[PDB]
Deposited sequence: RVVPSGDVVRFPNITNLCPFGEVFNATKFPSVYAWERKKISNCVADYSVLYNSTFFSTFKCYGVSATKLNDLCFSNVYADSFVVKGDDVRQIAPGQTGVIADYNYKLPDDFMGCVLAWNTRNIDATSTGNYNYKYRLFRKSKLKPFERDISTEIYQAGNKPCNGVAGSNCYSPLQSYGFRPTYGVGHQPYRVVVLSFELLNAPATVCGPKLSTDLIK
């Protein structure tokens, strides 16, 4: 039985980077001739292991995380970054073993009036631990003011939304990003003969 990689990549809608999603993959054969035999990607940079001998490798379970980020911020899906996304939306561990994938989606994630669905967190007290996730919409306190559940002076709503217009530059263009994390354990799944 095959691993459903297409279910995380070829999916219809993708989540916002602040509220990204994960998908755990267990016992199944893994055909990676779909990814390396493809010039369709705009990044494809691996960490911890090569891009080809992953066919003959086995892990306890593989974690596929996916979201959408502007073209410029794809720079931050790498171990040890300190941008807005890496700190408040999706942080990777320094001991990350896996690959990062990304492909331009201006045709389907950018509209004439601007696709404001895709959002990112701009304000958050303390960074994110690796693989942490925060869907909080609490009114962020920037000054010494109580916010009383209201936003305004020294109280800023933390989430900001991309305004994906199809005429933006490559940097400010939507890029669907899927990150494949590899879990190792002394317990007894994802090989590929």
Which parts of the deposited sequence lack C-alpha coordinates?
1-15, 204, 210-217
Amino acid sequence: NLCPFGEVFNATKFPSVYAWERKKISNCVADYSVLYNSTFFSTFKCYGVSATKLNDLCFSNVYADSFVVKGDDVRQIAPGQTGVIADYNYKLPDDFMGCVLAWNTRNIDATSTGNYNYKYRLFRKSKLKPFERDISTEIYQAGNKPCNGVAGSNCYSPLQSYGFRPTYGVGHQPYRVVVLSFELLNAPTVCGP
From here on, numbers count along this sequence of modelled residues.
For the higher mean C-alpha B factor in the entry, choose 42-50 or 155-163.
42-50
Looking only at C-alpha temperature factors in the entry, 65-73 or 33-41, the higher average sits in 33-41
Selection from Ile135, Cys147, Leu128, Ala142 [criterion: highest C-alpha temperature factor in the record]
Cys147
Could you say whether, by C-alpha temperature factor, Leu185 belongs to the lowest, middle or highest third of its chain?
highest
Tell me, lowest, middle or highest third: where does the Cα B factor of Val170 rank within its chain?
lowest
Is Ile25 in the lowest, middle or highest third of its chain when residues are ranked by C-alpha B-factor?
highest
